[PDB]
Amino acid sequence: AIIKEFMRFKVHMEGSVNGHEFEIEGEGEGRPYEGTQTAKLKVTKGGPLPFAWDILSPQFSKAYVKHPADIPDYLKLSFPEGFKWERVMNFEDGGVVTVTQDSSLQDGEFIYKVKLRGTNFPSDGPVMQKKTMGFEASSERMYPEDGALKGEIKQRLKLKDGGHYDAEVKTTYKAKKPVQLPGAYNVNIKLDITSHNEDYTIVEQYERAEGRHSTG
């Protein structure tokens, strides 16, 4: 009963990228068992951002992944208490993002707190020059390890001038209380920026995510 067919969330991010400090607040909603969600975010401090929004977009919700009945939905099971995650993104030109996140449930709503540190992006590269044009659809390879759930993705960002800008991403997801881990499987994700204002101080996103078997 505790995760309903429709759930709202609130999110706060505190971040810095190449020294530039910012905060973002947002709200979102979706259908956790169907794997869909939308979010409306705004920059509250340090805007307009002097880098590509795209590096922030995947930081804003793993309770909304559709799972087959026979793949334990570890992140849904973790509630009400919730879970935490920790992520490293190594971009192809030496930029690095590290992220930590806490997810909890309050009054029927998911509450997300995110901290983000982006460093070593080349000043002439696509992130600091805002040359990115969104993500290709991705697949996260998931596996259990040392009592937590790991996920690995090769992400590709589209470039305005054509071609792609890649990152390797690895995340550890850990429930606050031990609940059942799945085996190895994959999650197919597509994240789109649906709307934004000129300077990306107001941004809307949509994501669809669905777990699939990788054996059987």
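From 1 onward, residues are counted along the sequence shown.
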- prompt: In this entry, is the chain continuous from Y165 to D166, or are deposited residues missing in between (none, 1 to 3, 4 to 9, 10 or more)?
  reply: none
- prompt: Comparing 111-119 with 68-76, which stretch shows the greater average C-alpha B-factor in the deposited entry?
  reply: 68-76
message: I need to verify one thing: averaged over C-alpha atoms only, is the B-factor higher for 49-57 or for 173-181?
response: 173-181
query: Which of these, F135, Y143, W85, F91, has its C-alpha atom at the highest B-factor, as the entry lists it?
result: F135
message: Taking only the Cα B-factors deposited for this chain, tell me whether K150 sits in the lowest, middle or highest third.
response: lowest
task: Comparing against every modelled residue in the chain, figure out the third that the C-alpha B-factor of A63 lands in (lowest, middle or highest).
output: highest
field: Among modelled residues of the same chain, the CA temperature factor third for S103
entry: middle
